[PDB]
Amino acid sequence: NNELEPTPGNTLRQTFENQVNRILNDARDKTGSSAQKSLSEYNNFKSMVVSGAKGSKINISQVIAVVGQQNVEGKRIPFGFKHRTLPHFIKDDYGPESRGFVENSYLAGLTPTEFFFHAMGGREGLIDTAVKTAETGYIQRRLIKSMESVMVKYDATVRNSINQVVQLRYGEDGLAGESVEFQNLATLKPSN
Amino acid sequence: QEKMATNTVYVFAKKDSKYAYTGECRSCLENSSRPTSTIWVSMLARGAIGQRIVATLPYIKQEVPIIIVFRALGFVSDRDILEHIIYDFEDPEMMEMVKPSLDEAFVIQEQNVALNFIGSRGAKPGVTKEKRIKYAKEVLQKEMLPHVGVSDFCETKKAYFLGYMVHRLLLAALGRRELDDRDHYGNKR
Amino acid sequence: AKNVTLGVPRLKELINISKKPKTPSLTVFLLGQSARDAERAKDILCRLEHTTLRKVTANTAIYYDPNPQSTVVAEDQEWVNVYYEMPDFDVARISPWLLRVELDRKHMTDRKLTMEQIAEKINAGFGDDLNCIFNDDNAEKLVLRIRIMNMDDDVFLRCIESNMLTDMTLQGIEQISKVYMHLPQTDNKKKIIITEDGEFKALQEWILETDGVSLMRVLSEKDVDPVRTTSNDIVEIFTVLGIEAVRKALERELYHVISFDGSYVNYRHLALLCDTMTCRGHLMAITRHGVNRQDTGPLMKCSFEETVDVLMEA
Amino acid sequence: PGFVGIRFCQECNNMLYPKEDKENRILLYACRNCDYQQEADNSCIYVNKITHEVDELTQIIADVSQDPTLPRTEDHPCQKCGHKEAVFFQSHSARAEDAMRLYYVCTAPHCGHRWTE
Amino acid sequence: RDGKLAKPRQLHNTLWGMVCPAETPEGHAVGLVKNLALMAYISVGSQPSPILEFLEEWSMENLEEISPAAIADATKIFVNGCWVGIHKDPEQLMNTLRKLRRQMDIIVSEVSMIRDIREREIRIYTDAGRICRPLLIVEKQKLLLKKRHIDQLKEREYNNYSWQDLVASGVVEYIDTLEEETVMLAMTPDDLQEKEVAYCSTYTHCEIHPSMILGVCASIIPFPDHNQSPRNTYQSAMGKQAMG
Amino acid sequence: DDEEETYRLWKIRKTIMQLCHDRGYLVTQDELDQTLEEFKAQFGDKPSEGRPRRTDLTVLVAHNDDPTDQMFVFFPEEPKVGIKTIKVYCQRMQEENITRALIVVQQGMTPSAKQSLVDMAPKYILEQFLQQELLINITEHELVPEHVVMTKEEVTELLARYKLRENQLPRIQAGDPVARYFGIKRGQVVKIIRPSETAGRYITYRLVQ
Amino acid sequence: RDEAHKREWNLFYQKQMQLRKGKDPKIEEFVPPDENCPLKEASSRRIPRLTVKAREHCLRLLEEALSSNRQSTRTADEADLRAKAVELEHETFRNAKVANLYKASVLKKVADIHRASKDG
Amino acid sequence: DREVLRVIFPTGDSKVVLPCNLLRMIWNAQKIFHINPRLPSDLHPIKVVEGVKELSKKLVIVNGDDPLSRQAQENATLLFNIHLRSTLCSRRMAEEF
DNA sequence: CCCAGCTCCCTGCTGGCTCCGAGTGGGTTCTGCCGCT
RNA sequence: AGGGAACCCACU
DNA sequence: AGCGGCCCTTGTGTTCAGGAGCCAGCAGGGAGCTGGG
Ligand SMILES: [Zn+2]
Ligand SMILES: [Zn+2]
């Protein structure tokens with residue numbers, strides 16, 4: 001009805017998408033919190049999450065509460081068909097179900113369209129893994145070949161193969177990294 | 001094995017290139033040892049005055065203005081070419097978009113001159129104008145849009161299909177039609 | 001709001017010393033009253049973000065006007081005859097081809113522009129050889145009439161229009177495409193001071209985030225903090241501030257990339273990488289070009305890349 | 001004003017370009033490859049709509065009323081013939097940032113009235 | 001496999017029903033090697049001659065005979081990518097073509113016919129390599145499939161009532177992706193039931209079963225809709241390595 | 001267009017005064033702490049009209065170590081500085097027995113003019129600055145650490161202490177913005193004090209190359 | 001890139017101006033104002049292509065605007081009318097730097113005075 | 001030292017990374033020697049300051065008596081020395097540890 | 001005593017070269033032949 | 001005493 | 001019997017890992033200098 005005005009720095013479509021994503025994320029968070037509240041002390045999901053052995057609260061929410069929103073390239077499921085995510089929807093459907101919001105938990109089970117949208121979401125991560133492998137591997141080799149010959153000398157300086165000074169003291173303090181610890185300065189923050 | 005469907009006009013946008021929009025058609029006859037002949041009809045990116053539509057044809061190493069291609073087929077008057085390109089004569093936006101192409105092609109006013117121009121761009125231009133025209137005519141007859149037709153007297157069908165390609169490019173440029181998706185099945189065989 | 005490149009792509013952009021980052025940006029801090037109230041912050045934003053004539057124009061049209069005394073538009077004719085009261089000009093040195101440009105009131109008020117400024121810019125960019133006349137702001141429409149004083153004048157005016165729309169700048173800096181303005185919610189961008197009681201305090205102040213990088217011009221701007229204003233493009237930092245400045249900025253960007261996920265890497269490793277990249281007075285990229293130009297040795301270099309070429313040169 | 005059309009020569013059917021009669025100072029549309037001239041009436045030879053405030057109703061065709069995949073609403077009757085049902089869709093065209101607006105087309109086979117609210 | 005772009009490897013929406021969403025290698029060929037869904041069929045191709053003969057016999061006007069002034073309000077007709085003429089009544093032409101295909105009088109089941117209503121094109125494809133799948137036909141919010149068809153199918157061992165009889169009685173239809181863009185699918189017949197707020201109420205086709213979107217290897221997973229999708233992909237990869 | 005130019009001239013003069021003071025020349029506190037109103041008072045307020053004229057902003061400073069050592073800072077009017085103006089400035093320096101000068105150009109300098117500047121280095125050490133570069137003090141940016149110029153004695157002590165060779169120290173380009181700010185040539189060593197989150201303070205040395 | 005295309009336009013524009021410019025600039029000698037000119041700094045040539053007669057006409061329009069304002073508000077003194085008009089003209093000349101902009105500013109001032117008179 | 005720290009860390013973040021965990025060492029000393037927080041201690045505060053001075057003199061990263069080595073040594077352990085001085089205070093040793 | 005070439009430097013584009021993760025287990029097919037010297 | 005090249009599939 | 005010689009079918013002919021960053025060469029432009037009027 002043209003009763004929605006864009007927010008600063010965004011267009012009307014961006015504002016609408018932000019509002020919808022905010023609503024759906026808030027609903028997902030609320031349902032997940034309710035799921036956490038429902039769990040008992042004997043619950044084994046909670047037992048493995050609280051101890052940190054395996055799993056997180058998001059896994060509990062997805063198993064018990066809604067699975068959530070499936071995104072492809074950081075946005076809701078795109079209109080792959082002509083103004084449709086699937087041939088089972090009407091044209092120009094921006095509702096939650098149409099664009100790939102999974103309202104069913106894993107225990108309840110996904111509906112066909114939800115199943116397909118979740119499959120798209122998972123494929124995204126699989127591809128990300130397959131590509132990041134090679135990109136990061138090349139970066140790592142390049143770094144190693146750049147810095148392999150730098151070492152701490154007997155005069156305590158850090159020098160490369162050419163014997164040029166890289167640092168006059170390692171780390172500017174001349175200490176190894178395995179023995180330092182986090183600490184707090186007690187004279188910085190206090191008022192006069 | 002997946003390939004992209006042939007005999008279908010696709011309009012994709014590539015802003016990191018010399019062309020703002022680029023049509024495309026992989027025309028292939030029903031059965032032929034010759035591979036698919038790919039023809040492009042691309043609109044030059046802004047940055048002379050307007051935006052000029054050029055046509056990249058097989059066996060021609062230089063892009064040629066589209067109006068020259070239409071004249072080589074035997075349509076000299078601007079009215080006929082625009083009839084083949086712009087089906088609605090009460091839509092002035094398309095006419096304004098096509099004006100630069102007509103301006104680019106004004107010296108070449110006859111079919112023989114256009115054929116000579118096309119042949120001059122050929123891979124092996126001949127010192128004789130007659131053989132250059134022969135090469136250009138052969139290319140247009142057999143290499144340009146084989147799926148439309150390869151025999152002689154198929155000039156009108158070629159002109160209609162090329163005008164449809166130009167019309168699709170104009171629609172994409174004007175925002176009246178969405179650009180084609182390369183991953184869309186149905187664009188694949 | 002604005003997309004910022006992070007992760008492995010940003011790491012590659014950093015250690016490669018890319019001259020064309022995907023998403024270069026500035027972080028402009030304001031000095032005085034501009035930091036507190038949003039009106040002066042918006043003023044500075046408009047003073048930074050590039051604004052061509054095309055961004056405020058509603059529509060252009062090239063008319064044929066034989067006699068300016070009687071024009072083809074009733075309102076334009078009335079206002080023009082109000083303007084044309086005497087032969088204050090040379091009648092002969094007038095062209096009958098009019099270029100009528102209708103501006104956008106919303107955009108002009110958003111940028112706080114006026115017909116006077118646009119006329120000034122047109123005169124400066126084209127000189128007195130042209131002639132631009134503009135009506136009053138209180139009128140119903142914002143309209144400008146452009147003519148050429150005495151190849152045909154028609155296409156000449158067409159080219160003048162096609163250029164004026166794009167190349168001419170009315171405000172801002174050329175390379176800054178967009179400028180967001182916001183109040184930071186995190187103390188990393190807030191202004192940290194030490195109160196009269198000797199206690200740290202975080203004042204919230206408006207800051208600007210650009211999409212291009214023109215660090216030198218932005219720094220030289222009035223009401224812009226030249227001490228804290230920085231850039232995420234390290235080649236610009238090196239060109240403007242120097243080798244120690246780019247060392248510190250490269251360390252900052254690497255730390256941001258690494259710790260955006262909350263992970264921790266000991267400082268000495270980042271320091272060593274930055275020192276290796278900047279110990280020779282120039283940005284030594286972590287690449288075949290950066291590494292193999294050192295005075296290391298052919299056997300050192302050949303093991304990395306360009307084996308046969310390195311050994312042939314040796 | 002609106003976009004200006006293109007005129008074709010009466011003797012060669014080629015585009016007519018604008019020119020000026022110097023002695024009489026009147027706009028003409030003259031052919032370039034021929035010696036034909038025509039009297040221009042509009043006096044406007046070019047128009048550029050930067051805002052692109054194009055009435056998208058001109059780009060809608062009643063044929064869309066036969067699309068089974070468009071949503072149909074019975075709460076927006078058409079004014080022309082009073083039909084109760086109409087198919088509603090969106091701009092789905094570039095050059096329209098505020099493109100969440102709805103356009104309605106009457107479902108009656110002959111009416112085919114297109115409107116916006 | 002060298003290319004690192006993720007777009008060609010992503011699971012496009014149009015793969016629904018035609019290609020398995022789960023089954024795909026998780027290595028360097030992820031998303032580039034795919035598997036057919038259970039009911040997907042790839043057409044083998046046929047000559048467009050009968051279709052062109054029918055169209056010429058029909059009201060369609062050739063491309064040469066017409067005048068360019070008549071194309072503005074007319075519907076372009078393409079056959080295997082060849083613009084062969086224009087028409088004046090695209091709706092009834094499409095009705096006739098669909099009727100012929102369902103009866104298989106002149107058009108074989110593999111021919112895919114797409115009407116672009118917003119545009120004014122009718123594209124008829126008889127090519128090979130067009131992946132399609134069978135869908136039930138819905139006429140007026142009712143399945144054309146009835147109890148008598150199921151009764152006859154239950155005795156196919158004796159009465160020789162096969163699937164070809166379903167495809168020949170106009171109860172099922174092969175739809176490809178291009179034509180699937182113009183259909184309105186009901187996932188289950190329940191979607192045809194009256195509702196307080198009907199969603200579409202203009203359905204044209206119905207799914208035989210939504211679980212036919214999976215492939216050979218992802219079809220043995222029990223309750224694959226209760227698992228995370230990467231797990232289904234991994235099982236699809238590991239069902240081929242099991243010993244039996 | 002008239003007040004903006006005056007503000008730019010005041011900023012350029014303030015940055016030049018800060019640069020001269022940081023280089024060791026004798027500059028009074030009032031010159032360093034000069035406000036825009038004081039600039040409009042001492043100088044003109046219509047730069048386009050000719051008051052102030054760029055020739056009126058020329059400032060001569062003297063080194064603290066010896067009054068004989070003096071440095072000019074010329075402000076050419078022409079947007080692009082050619083050979084003829086460089087020759088005029090060199091003639092004035094020769095007449096006035098000055099050895100160093102600074103040229104603050106508006107738009108740029110011709111390549112031939114740059115070559116001329118480089119050619120007479122051993123006789124007249126005159127440098128080139130874009131007024132766009134002098135509108136701010138880069139040494140006050142939070143990223144730029146504290147730079148100091150080491151005397152020959154200090155560099156000798158450093159090399160003796162660390163048993164280094166000049167080519168083993170880190171390098172700083174002679175065209176570096178801070179190197180240009182301090183006017184340090186090849187062969188000079190610059191000491192850099194910077195804070196450190198691990199050690200507190202850190203001093204590193206860079207040889208000008 | 002963009003700057004190169006810009007200077008491309010610049011070279012095209014300058015040659016086109018030369019084609020449209022006479023070989024010798026026919027400098028119409030500046031008209032010296034009459035001693036009766038009530039215009040401050042009437043001998044200034046700060047604004048190029050601006051004639052003293054144009055300034056006199058602008059001051060006359062300012063005089064008419066002030067007369068309208070007086071008759072609407074019934075202003076008492078008359079010498080103030082002339083002094084205010086001369087001051088307005090001198091201020092407009094001091095601010096503006098181009099003839100067309102000067103005329104536009106004068107017209108804007110006239111409109112402002114007219115609106116104030118209408119308000120009462 | 002407080003002014004120096006406020007200059008080094010312009011923000012208000014006091015979390016640093018340093019070799020020795022002085023608070024945990026003090027806790028270990030309290031447990032090992034059975035320190036009773038509810039009784040007066042026999043540690044002379046001048047003993048505390050002298051001990052801290054000697055310890056600071058015993059931790060060398062840059063050895064050498066010449067001014068260069070002296071300044072480098074002061075810089076190398078500046079932050080740790082500030083932490084040590086502010087933790088091993090006479091007042092904190094008397095009323096906290 | 002300026003005009004107009006000519007020399008020498010700097011800009012911009014256009015064309016070419018190199019690089020693209022670490023290990024591991026299986027399999028199959030191929031590594032010339034045909035005219036007459 | 002003993003090989004190689006190419007391609008394909010698969011594992012972490 | 002073994003060397004010539006290579007077939008790329010359009011001798012004229014589609015993509016033999018393709019795209020992203022560095023380096024190198026060419027043409028254009030202008031600053032400045034110098035031989036004639
Ligand atoms: Zn004619
Ligand atoms: Zn109706």
Side-chain angles (χ1 to χ4, degrees), chain A residues 129-145, chain B residues 3-4 14 16-18 24 26 28 32-40 56-61 119 121-126 131-132 134-136 138-139 142-143 146 150, chain C residues 8-9 12-13 15-22 235 283 285-293 304-310, chain E residues 1-5 8 24-30 33 234 236-242, chain F residues 78 80-87 108-116 118, chain G residues 1-8 10-11:
Chain A
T129 292
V131 175
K132 88 193 184 182
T133 45
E135 191 176 0
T136 310
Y138 187 29
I139 282 162
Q140 286 170 96
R141 167 177 176 70
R142 207 162 67 239
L143 274 172
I144 294 279
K145 301 310 304 206
Chain B
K3 48 163 205 298
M4 206 171 69
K14 288 173 74 65
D16 302 316
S17 75
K18 182 169 70 175
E24 162 175 343
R26 283 157 209 264
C28 72
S32 177
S33 301
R34 298 191 280 103
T36 74
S37 296
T38 310
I39 179 173
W40 292 269
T56 311
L57 294 82
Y59 295 162
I60 309 289
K61 283 288 186 329
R121 321 303 278 203
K124 54 190 292 296
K131 72 188 289 211
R132 259 168 302 165
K134 174 55 60 162
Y135 184 64
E138 191 75 7
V139 168
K142 276 159 202 217
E143 301 291 318
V150 168
Chain C
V8 177
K12 187 167 195 103
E13 274 168 19
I15 59 167
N16 283 5
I17 307 300
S18 290
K19 290 177 189 175
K20 294 207 272 159
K22 287 288 147 275
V235 187
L283 279 171
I286 302 308
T287 49
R288 83 182 71 96
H289 308 97
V291 174
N292 283 12
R293 304 272 189 284
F304 179 29
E305 294 189 6
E306 300 169 317
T307 302
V308 177
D309 289 7
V310 160
Chain E
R1 324 314 203 214
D2 48 41
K4 298 300 190 162
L5 273 294
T24 191
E26 54 255 17
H28 65 106
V30 60
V33 179
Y234 294 148
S236 295
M238 284 190 289
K240 306 193 265 272
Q241 300 167 4
Chain F
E78 60 276 8
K80 268 207 79 169
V81 159
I83 290 282
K84 49 182 258 192
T85 51
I86 300 303
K87 294 286 180 66
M109 205 190 261
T110 57
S112 62
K114 298 162 147 42
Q115 189 48 285
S116 58
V118 174
Chain G
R1 176 55 274 167
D2 165 79
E3 211 181 51
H5 184 282
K6 188 197 242 181
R7 175 182 69 258
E8 176 181 4
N10 280 120
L11 176 80

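In what follows, chains are A, B, ... by sequence order, proteins preceding strands, each numbered from 1. Because only heavy atoms are used, hydrogens play no part in the values below, and waters and symmetry mates are left out as well, while side chains stay in.
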Over all strands shown, is [X] touching base, sugar-phosphate only, or nothing at heavy-atom distances under 4.0 angstrom?
| X | value |
| --- | --- |
| C:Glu306 | sugar-phosphate |
| G:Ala4 | nothing |
| A:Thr133 | base |
| E:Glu26 | sugar-phosphate |
| E:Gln241 | sugar-phosphate |

Whole-Å distance between [N] [atom2] and [X] [atom1]?
| X | N | atom1 | atom2 | result |
| --- | --- | --- | --- | --- |
| A:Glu135 | I:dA22 | CD | P | 15 Å |
| A:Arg141 | I:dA22 | CZ | P | 8 Å |
| C:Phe304 | I:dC19 | CZ | P | 9 Å |
| C:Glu305 | I:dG21 | CD | P | 11 Å |
| E:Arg1 | J:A10 | CZ | P | 10 Å |
| G:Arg7 | K:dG30 | CZ | P | 8 Å |
| F:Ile83 | K:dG30 | CD1 | P | 18 Å |
| F:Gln115 | I:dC9 | CD | P | 8 Å |

Between [X] and [Y] (side chain of the first, backbone of the second, donor and acceptor by atom type, cut-off under 3.5 Å), is there such a pair?
| X | Y | value |
| --- | --- | --- |
| A:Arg141 | C:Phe304 | yes |
| F:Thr85 | F:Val81 | no |
| B:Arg132 | B:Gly126 | yes |
| F:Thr110 | F:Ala113 | yes |
| C:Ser18 | C:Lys20 | no |
| A:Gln140 | A:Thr136 | yes |
| B:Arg121 | B:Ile60 | no |
| B:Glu143 | B:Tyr59 | no |
| E:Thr24 | E:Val33 | yes |

On a whole-Å scale, what distance lies between the [atom1] atoms belonging to [N] and [M]?
| N | M | atom1 | value |
| --- | --- | --- | --- |
| J:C8 | K:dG18 | P | 15 Å |
| K:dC7 | K:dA1 | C1' | 25 Å |
| K:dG13 | I:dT24 | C1' | 44 Å |
| K:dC3 | I:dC34 | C1' | 11 Å |
| K:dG4 | I:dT37 | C1' | 11 Å |
| K:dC16 | I:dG23 | P | 29 Å |
| K:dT14 | K:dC8 | P | 11 Å |
| I:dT29 | K:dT12 | P | 36 Å |

### Query
When rounded to the nearest 0.5 angstrom, what is the spacing between OG1 in C:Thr287 and OH in A:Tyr138?
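Result: 8.0 Å between the selected atoms.
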
Which way does the sugar of [N] pucker, north or south, judged by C1'-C2'-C3'-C4'?
| N | result |
| --- | --- |
| K:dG32 | south |
| K:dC23 | south |
| I:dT31 | north |
| K:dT14 | north |
| K:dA17 | south |

### Message
Just checking F:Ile83: does its CD1 atom have more than 12 heavy atoms from other residues, nucleotides or ligands closer to it than 6.0 angstrom?
### Response
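Yes.
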
### Message
Stacking test, K:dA24 against K:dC23: centre separation of the six-membered rings below 5.5 Å and plane angle below 30 degrees, yes or no?
### Response
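Judged on centre distance and plane angle, the pair counts as stacked.
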
### Query
Can K:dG13 be described as syn, meaning its chi torsion is within 90° of 0, or is it anti?
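Syn, which is what one calls it when the glycosidic angle falls within 90° of 0.
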
### Query
How should the glycosidic conformation of K:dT12 be described, syn or anti, under the criterion that syn lies within 90° of 0?
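K:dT12: anti glycosidic orientation.
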
### Query
What stems involve DNA chain K, if each pair must be Watson-Crick or G-U and both of its distances must be under 3.5 Å, with 3 or more such pairs in a row?
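For DNA chain K the paired stretches long enough to count as stems (3 pairs minimum) are I:1-20 with K:18-37, I:35-37 with K:1-3.
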
### Message
Strictly under 4.0 angstrom, non-hydrogen atoms only: write out the protein contact profile of nucleotides 10-26 of chain K, one letter per nucleotide from the 5' end, B, S or -.
### Response
B-BBB--B----SS---

### Query
Does any non-hydrogen side-chain atom of A:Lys132 lie less than 4.5 Å from one of C:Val8?
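A side-chain contact under 4.5 Å is absent here.
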
### Task
Go through C:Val291 and A:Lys145 one step at a time and tell me if the side chain to side chain contact (heavy atoms under 4.5 Å, CB included) criterion holds.
CA-CA 8 Å; C:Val291 174; A:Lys145 301 310 304 206; 5.6 Å; no

#### Entry: Pairing string, 5' to 3', for RNA chain J - Watson-Crick or wobble contacts under 3.5 Å, brackets [ ] where pairs cross, | to another strand
...|||||||||

### I:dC8 OP1/OP2 closer than 4.0 Å to side-chain N/O of F:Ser112
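Result: no.
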
### Message
If you only use heavy atoms from C-beta on, which nucleotide in J:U12, K:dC33, I:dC13 is closest to the side chain of G:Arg1?
### Response
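Of the options given, the side chain of G:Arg1 lies nearest I:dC13.
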
#### Entry: Ion pair G:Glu3/G:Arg1, N-O distance below 4.0 Å
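No, this pair does not count.
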
